[PDB]
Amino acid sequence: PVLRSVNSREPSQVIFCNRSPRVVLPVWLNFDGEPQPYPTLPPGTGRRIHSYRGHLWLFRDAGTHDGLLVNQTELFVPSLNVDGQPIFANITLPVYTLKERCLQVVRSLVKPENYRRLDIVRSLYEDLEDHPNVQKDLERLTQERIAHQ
């Protein structure tokens, strides 16, 4: 099972608009489903970029690869532009769970080597070491999108 860009050959102009407080990494899923990193967007920035109909994008925190949303969902697929308007890709923070947000902050303050020196239940060591990761999310998203044909 593979989530991947379609080689439509049909240009599509997109605005990547960063409406999050994070440095945003655009991630392009190539024709074999392999994630490819694109130049980053500082918070409060947008860029007009050239893509293709049926190409697949996701967006992460450039530093941690924490998940971000695009037009309120995890995946962005440009369609055909109408009347010379680019498609807007609005990149926003999810509402993280409190636990995930706490894991982000602790991960930001503590080296992976030192996770196990923290005074917490063992199951939280495992939660810390389960780092946000694009490949692991693609496996989940691939399963989710079966139903979306």
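Residue indices: 1-based, along the sequence shown.
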Ranked by mean Cα B-factor in the entry, 47 to 55 and 98 to 106, top stretch is 47 to 55
Would you mind comparing 110 to 118 and 65 to 73 for me and telling me which has the higher average C-alpha temperature factor in the entry?
110 to 118
Residue, from 42, 26, 86, 35, that the PDB entry assigns the highest Cα B-factor:
86
Third assignment of residue 124 from its chain's C-alpha B-factors:
middle
Can you work out whether the C-alpha temperature factor of residue 22 puts it in the lowest, middle or highest third of the chain?
lowest
